[PDB]
Amino acid sequence: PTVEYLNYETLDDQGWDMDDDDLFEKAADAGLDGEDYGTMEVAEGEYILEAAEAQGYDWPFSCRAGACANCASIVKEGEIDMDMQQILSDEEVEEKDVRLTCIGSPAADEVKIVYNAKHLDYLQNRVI
Ligand code: FES
């Protein structure tokens, strides 16, 4: 039950690559904020945003029922289990690797994922 969360905003701000500089690995040498990069440990049956929230990590959330994408993320690798529902578009689960962190649990041992997907330029336009 090991995972590595990464700040999607840090990837853009720094202007790094998605998997070229191996942020999940080079990040440990940057000592960035723990709320941006770190190894998230979650057992089977435990919600990510929940296991990380008990450590000090922060995640975007609004519906908290797996019916919206505010808590959207970007799994860079591994696999996560979802509930009986699918509000996101497979394109986001395959082209953006987005998942539900409020109601999503890791089904693999090691998994990579970026937290705070709301930073995506596709949503930033929602700003009023
Ligand atoms: S907070 Fe709505 S799907 Fe996660």
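Residues numbered from 1 in each chain as written, not as in the entry; some residues may be left out. Heavy atoms only, no water.

As summarised from the PDB record, the model derives from solution NMR.

The chain carries the name FERREDOXIN in the PDB entry, which gives Halobacterium salinarium as its organism. Per the PDB header, the title for this entry is "[2Fe-2S]-Ferredoxin from Halobacterium salinarum". Heading Function of the UniProt record for the chain holds this comment: "Ferredoxins are iron-sulfur proteins that transfer electrons in a wide variety of metabolic reactions." As recorded by UniProt, the Sequence similarities comment attached to the chain reads in full: "Belongs to the 2Fe2S plant-type ferredoxin family." (UniProt positions renumbered as here; feature names shortened; annotations may be inferred.)

1. Some words on the sheet that holds strand β2 (residues 38–41)
In sheet architecture, strand pairing relies on hydrogen bonds along the backbone and comes in two forms, parallel and antiparallel. Taken in spatial order, the four strands of this open sheet run β2-β1-β6-β3, and their pairing is mixed. Two strands lie at the open edges of the sheet, namely β2 and β3 (74–77), each paired on one side alone. Adjacent strand axes in the sheet meet at a mean angle of 35° when their direction is disregarded. The sheet contact formed by strand β1 (residues 2–7) and β2 spans four bridges and is antiparallel. Note that in β2 the partner of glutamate 4 across the bridge is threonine 39. (Pairing = 2+ DSSP bridges. Helix = DSSP H or I, 4+ residues; strand = E, 2+ residues; numbered from the N terminus. Axes fitted to C-alpha atoms, helices over the stretch in contact; angles between N-to-C directions.)

2. Things to note about the UniProt feature "binding site: [2Fe-2S] cluster" in the chain
The feature "binding site: [2Fe-2S] cluster", as annotated in UniProt, sits at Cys63, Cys68, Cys71 and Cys102 in this numbering. A maximum C-alpha distance of 9.9 Å places the annotated residues, which cover 40 residues in sequence, within one compact spot. With residues near it in sequence (within four places) discarded, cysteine 68 still touches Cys63, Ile87 and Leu100. Turning to its location among the elements, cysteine 71 is positioned in the loop between α3 (48–53) and β3. (Contact = heavy atoms within 4.5 Å.)

3. Examining unusual backbone geometry
With a phi angle near 50°, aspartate 22 is a residue other than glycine that sits in the positive phi range. Its place among the elements puts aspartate 22 in helix α2 (residues 22–30). The phi torsion at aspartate 97 lies on the positive side, around 60°, for a residue other than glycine. Its location among the elements puts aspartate 97 in the loop between α4 (90–96) and β5 (105–106). A relative accessible area of 15% places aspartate 97 in the buried class. (Buried < 20%, exposed > 50% of the residue type's maximum accessible area, 1.4 Å probe, protein only.)

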